[PDB]
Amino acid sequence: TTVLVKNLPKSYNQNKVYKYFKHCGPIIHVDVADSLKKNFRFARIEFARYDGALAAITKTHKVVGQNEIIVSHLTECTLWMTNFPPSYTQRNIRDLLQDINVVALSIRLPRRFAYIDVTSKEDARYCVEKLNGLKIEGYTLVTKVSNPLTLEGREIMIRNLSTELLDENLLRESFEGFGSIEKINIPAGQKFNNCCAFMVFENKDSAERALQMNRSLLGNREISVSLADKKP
């Protein structure tokens, strides 16, 4: 349903691409981005259905302006990025990626996280290595390559809780910012500040993001957070 266009003439809008690709069916989003050396352009076109996108692909190797274009499935080029400074806008992200010679196809921003699409699988991985753990104005940056769609990877275990902290509302509100919570599970009657609880997120990326809560202050305790063991 998503498509990468490579090597369009630099003089190309979202509109110019939209008018070239209109005849393949309903388009939800069209994003345009400058090449590294600024001589050509990339495009991310997201479609309605599967065949809406497969029509675009049958327009690969075609000549536009004086550039032959490549059109292929945008697959596994997506990372998320969080714990950057509150003031950070979209440009700031694009700037980070520009610092390490990586094109940002698209950035979607609203404890806020951003989802980023790049132009190649290697770029997504390389981005993560270089930037994860970078400090910016006191904030340690956190990135991972997206983890697509079996509790495996979606379940976290929260440890070192007191009795006072073993409260379903608190845990909810302390974790919801990472993504949708499917279920919170607090094993019966833990009446040493060694209480725990399990939380299952809807998607893997939220569980990953939640791992930031590890070694963090919750109320008056340092909590521990990790991926739960998978059911035997």
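The first residue of the sequence shown is number 1, and the count goes up from there.
Subject >> Residues of the deposited sequence that sit between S87 and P86 yet are not modelled >> reply: Per the deposited record, the segment joining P86 and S87 has no missing residues.
**OP:** Scan the PDB entry between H61 and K62 and report the missing deposited residues as one of none, 1 to 3, 4 to 9, 10 or more.
**Re:** The entry leaves nothing out here.
Subject >> 116-124 set against 157-165, stretch whose average Cα temperature factor tops the other in the entry >> reply: Result: 157-165.
**OP:** Between 43-51 and 201-209, point out the one with the higher average CA B-factor as the PDB entry records it.
**Re:** Per the PDB record, 43-51.
Subject >> Chain thirds of CA B-factor: placement of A228 >> reply: Within its chain, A228 is a lowest-third residue by C-alpha B-factor, going by the deposited values.
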